[PDB]
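Here's the structure we're looking at; comments come further down.
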Amino acid sequence: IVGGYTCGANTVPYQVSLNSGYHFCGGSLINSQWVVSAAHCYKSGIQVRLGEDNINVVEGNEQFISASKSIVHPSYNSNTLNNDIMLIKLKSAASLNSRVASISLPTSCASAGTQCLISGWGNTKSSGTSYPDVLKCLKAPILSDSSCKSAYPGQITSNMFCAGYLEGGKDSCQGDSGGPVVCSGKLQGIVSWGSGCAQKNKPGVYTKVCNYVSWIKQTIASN
Ligand SMILES: [Ca+2]
């Protein structure tokens, strides 16, 4: 996250870190046994880390649970990043409390102008590299589809939205991918892609979760 603020420990209780020896992507806890992330974060050998603030220090609220199954969306396209969404089943259910909690799926899609919260452990610089150890947060609005398509001609599908600031300076970045975009208490987006981070006229692009609720629910019900 570039241009954000330190969230505070366990203030984003649905945020997960995906770990394969190191943090590589975020995700969101949607019930006691399932996480949603970005398909481009797929790899074998995932450990899901819940209850994290500092990802390099054991602070006492963590739960570390291995994945038993990963399911990339049937229509994910790695070249265009269309349908950039993946479900991960945990080997055992997490223990839910005030510091480790699920986030609700949306019943309706959010409109442009709605303010959302984006969070992650990704790079905090638009030029160069500095990775934080504690969770960072950013408040940002959903942009109109017309502004999004004007920023990224030929690249925005109906399964994507832009959020952020056309002036630049505040955005998600590398290492935030897979993490949550929460608006009015519901999961509306997944951190997916952008051109650099925090550049003028290049806001972040997010997977539009409301288009996937039926797939999510049916997949969980049968796996
Ligand atoms: Ca920790």
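So you can find residues: chains in the structure tokens are A, B, ... in the order shown, residues in each start at 1, and ligands are numbered from 1 in order.
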Would you please give, as a short mmCIF file (atom, residue, chain, number, x, y, z; two decimals) with C-alpha atoms, in the first residue's frame, all residues of range 46-163 of chain A that DSSP assigns to helix (DSSP H, G or I) based on the backbone?
data_model
loop_
_atom_site.label_atom_id
_atom_site.label_comp_id
_atom_site.auth_asym_id
_atom_site.auth_seq_id
_atom_site.Cartn_x
_atom_site.Cartn_y
_atom_site.Cartn_z
CA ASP A 145 -16.45 2.63 -15.22
CA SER A 146 -15.89 5.38 -17.80
CA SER A 147 -12.87 6.78 -15.91
CA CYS A 148 -11.49 3.26 -15.43
CA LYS A 149 -11.81 2.39 -19.13
CA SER A 150 -10.29 5.73 -20.11
CA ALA A 151 -7.26 5.01 -17.90
#
Taking only C-alpha atoms and all ligand atoms into account, which residues have an atom no farther than 8 Å from ligand 1? I'd like them as a list in words.
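Listing the residues within 8 Å of ligand 1 gives residues 51, 52, 53, 54, 55, 56, 57, 58, 59, 60, 61 and 62 of chain A.
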I need the residues from that last selection saved to file as a PDB file, in the first residue's frame (with C-alpha atoms), if you can.
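So out-v4.pdb came out as:
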ATOM      1  CA  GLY A  51      -4.652 -12.937  13.120  1.00  0.00           C
ATOM      2  CA  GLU A  52      -1.462 -11.279  11.856  1.00  0.00           C
ATOM      3  CA  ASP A  53      -0.200  -7.769  12.367  1.00  0.00           C
ATOM      4  CA  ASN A  54       3.608  -7.959  12.241  1.00  0.00           C
ATOM      5  CA  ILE A  55       4.288 -10.864   9.853  1.00  0.00           C
ATOM      6  CA  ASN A  56       7.852 -11.280  11.215  1.00  0.00           C
ATOM      7  CA  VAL A  57       7.030 -11.473  14.957  1.00  0.00           C
ATOM      8  CA  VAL A  58       4.778 -13.899  16.844  1.00  0.00           C
ATOM      9  CA  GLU A  59       2.528 -11.527  18.784  1.00  0.00           C
ATOM     10  CA  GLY A  60      -0.002 -13.982  20.188  1.00  0.00           C
ATOM     11  CA  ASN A  61      -3.186 -13.828  18.075  1.00  0.00           C
ATOM     12  CA  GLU A  62      -2.003 -15.828  15.065  1.00  0.00           C
TER      13      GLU A  62
END
Distance in Å - CA of residue 201 in chain A versus CA of residue 175 in chain A:
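So the two atoms, CA of residue 201 in chain A and CA of residue 175 in chain A, lie 21.0 Å apart.
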Need to verify the contact set: residue 75 in chain A, 12 Å, only C-alpha atoms, exclusion of same-chain residues closer than 6 positions in sequence. Can you return it as a list in words?
residues 39, 81, 82, 83, 84, 85, 86, 159, 212 and 215 of chain A
Can you tell me, as a PyMOL selection string, what residues are no more than 8 Å from residue 94 in chain A when counting only C-alpha atoms, ignoring any on the same chain fewer than 5 positions away?
chain A and resi 32-33+63+65
How would the residues just picked look written out with C-alpha atoms as a compact mmCIF listing (two decimals), in the first residue's frame?
# COMPACT_ATOMS: atom_id res chain seq x y z
CA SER A 32 -14.33 -20.50 9.23
CA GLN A 33 -12.89 -22.78 6.56
CA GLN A 63 -3.52 -18.99 13.67
CA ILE A 65 -3.47 -23.35 9.01
Using only C-alpha atoms, pick whichever of A:19, A:124, A:199, A:188 has the shortest atom-to-atom distance to residue 108 in chain A.
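Answer, going by the shortest atom-to-atom distance: A:188.
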